[PDB]
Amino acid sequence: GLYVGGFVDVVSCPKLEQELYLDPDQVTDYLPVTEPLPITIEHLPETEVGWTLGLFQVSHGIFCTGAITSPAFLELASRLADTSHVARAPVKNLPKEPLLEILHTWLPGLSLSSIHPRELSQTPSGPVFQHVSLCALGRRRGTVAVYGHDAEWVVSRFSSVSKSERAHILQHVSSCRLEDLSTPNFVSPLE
């Protein structure tokens, strides 16, 4: 299993409009998120690859850490990172950690899916957030996602996240029993 970490765009995934990007201040009252949310690809519910391990308001935005736990996803991505010329083409030559480099460049955006802001003000009936997605398109804010084998290393890549903020994030990550999370539903698109 891998960890992912990054700042999210906050998005409502509207049916009619093409996209709505929320100001983070519109949702910070519902933070932190300390229960697992599905992590999917490009907001597709049949592409669960793992589970969030916390969403926290820090000084420079809303930071998410997550676990990529899907066996079919990790095995496929790991095989492509070692053998696929296409996957490696946008990456620097001969990376020490090809799987981490490939995810970093192909899935650089984290997006947090929220209810519409009209609901956000206020007293929503049920959960404010539906999922976090790894995205290839549609990034607005700065910073990109970091993938790694150890959460502390992932979070400490972000120079804009302070030592106190990182310790707070890492406390929540450590309190999560990875074994207890159900298997995400990702299926290998080759099957």
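Basically, rigid core = biggest C-alpha set you can superpose within 1.5 Å across the two forms. A residue's number is simply how far along the shown sequence it sits, counting from 1.
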Judged by RMS Cα deviation after a rigid core fit in 6 other deposited structures of this protein, the more variable of 139-147 and 43-51 is 139-147
Core superposition done, the stretch whose Cα atoms deviate more in 6 other deposited structures of this protein, picking from 103-111 and 117-125, is 117-125
Between 118-126 and 59-67, the record assigns the higher mean Cα B factor to 118-126
Higher avg CA temperature factor (104-112 vs 90-98, as deposited) belongs to 90-98
From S159, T40, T52, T143, the top C-alpha temperature factor is at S159
Here the Cα B-factor of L31, set against its chain, lands in the third termed highest
On the chain's distribution of Cα B-factors, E48 falls within the third called lowest
Entry-reported C-alpha B-factor of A151 relative to its chain, by third, is highest
In terms of its chain's C-alpha B-factors, the third that includes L190 is the highest
